[PDB]
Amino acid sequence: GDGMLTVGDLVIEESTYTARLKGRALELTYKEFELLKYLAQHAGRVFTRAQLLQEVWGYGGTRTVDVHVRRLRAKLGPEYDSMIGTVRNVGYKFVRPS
């Protein structure tokens, strides 16, 4: 345990730079991994696109978050689709499984 994180079946190991789902490795791009990581490092908290851009992208084209959110949800699959919830007129947030 160095920088390892666990939420439900999602494990996000910064060390080895891998993200798993009860053993199924995720082939995430870099920004897809930094986005999923930041959101899970802050479960339940809704963030805005200008927030997520500043934190994950770094200090216009704000639908990149939405695309990356969709690429993320897509790779998570229907069984884990809902780990990224949407808050109309606010932004996104990681949704803890029960």
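All residue numbers are counted from 1 along the displayed sequence.
**Length class of the unmodelled deposited segment, which would lie between residue 30 and residue 31** = Count of unmodelled residues in between: none.
**Prompt:** Can you tell me which stretch has the higher mean Cα B-factor, 60-68 or 38-46?
**Reply:** Higher of the two, by average CA B-factor, is 60-68.
**Prompt:** On average, are the C-alpha B-factors higher in 47-55 or in 69-77?
**Reply:** Stretch with the greater average CA B-factor: 47-55.
**Message:** Maximum C-alpha temperature factor per the entry, among 87, 12, 84, 21, belongs to which one?
**Reply:** Each of 87, 12, 84, 21 was compared by C-alpha B-factor; the highest is 21.
**Message:** Lowest, middle or highest third: which one holds residue 91 when the chain's residues are ordered by CA B-factor from the entry?
**Reply:** Its C-alpha B-factor belongs to the lowest third of this chain's values.
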